[PDB]
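Below is one structure, written out as structure tokens; the observations come after it.
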Amino acid sequence: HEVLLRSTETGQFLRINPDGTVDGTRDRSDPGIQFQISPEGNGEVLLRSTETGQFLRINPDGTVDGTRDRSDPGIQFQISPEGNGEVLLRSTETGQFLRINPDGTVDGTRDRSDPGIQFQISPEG
């Protein structure tokens, strides 16, 4: 069971690229957009790229990238519904929310009013 993680604002899909960068794209055919949600218990999950095997990570400086280190505390997320199928993706270690910006860049913010922190999660067939 895989999912897509999509910006409510622009419809861009979150992607991890071969070079390790995390960004957004409209390309539904890009192999980097499929994720797997891994339950960590206690309301925590990992978000793993199927293509690269990396777990999404928000770093203390607000940058977002990937890692295969399952012990990295920056890979734990909470999926927090806002209602009607919209969610926030919150980093447990930092409290930052994942943000996809209109220009396709991805980073972390503590601004709950930012349009870019609203995600839809849809199942892949």
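Methodologically, a virtual Cβ is constructed for each residue, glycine included, from the backbone with ideal geometry; neighbour enumeration extends over all protein chains shown. Rule-based calculations on the coordinates, nothing more; no lab input.
Remark: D65 matches the filter, which requires a residue to be more than 21 Å from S122 (Cβ to Cβ) and not in a loop (DSSP other than H, G, I, E, B). So how many residues does the range 9-39 have that are surrounded by fewer than 18 Cβ atoms within 10 Å (Cβ to Cβ) and touching a helix residue (DSSP H, G or I) at 6+ places or on another chain (Cβ under 9 Å)? Qualifying residue count for the region: 6. Counting only residues that are out of contact with any strand residue (DSSP E or B) (no Cβ under 9 Å at 6 or more places or on another chain), part of a loop (DSSP other than H, G, I, E, B) and not charged (D, E, K, R), the range 12-43 holds 3 of them. In the set (1) closer than 17 Å to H1 by Cβ; (2) in contact (Cβ under 8 Å) with a residue 24 or more places away in the chain; (3) surrounded by 20 or more Cβ atoms within 10 Å (Cβ to Cβ), the condition left unmet by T50 is number (3).
On the basis of being closer than 20 Å to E2 by Cβ, surrounded by 12 or more Cβ atoms within 10 Å (Cβ to Cβ) and not polar (S, T, N, Q), does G104 make the cut? No; evaluated as a whole, the condition is false for this residue.
The criterion of at least 1 residues that are of a type in the set (D, E) is met, among strands (runs of 3 or more DSSP E) falling completely within the range 72-125, by 77-83, 86-91, 106-109. Scanning the range 1-11 for residues that are in contact with a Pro (Cβ under 7 Å, 6 or more places away or on another chain) and in a loop (DSSP other than H, G, I, E, B) yields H1, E9, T10. On inspection, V87 passes the criterion of being of a type in the set (A, V, I, L, M, F, W, C), buried (at least 16 other Cβ atoms within 10 Å of the Cβ) and more than 10 Å from the chain's Cα centre (by Cα).
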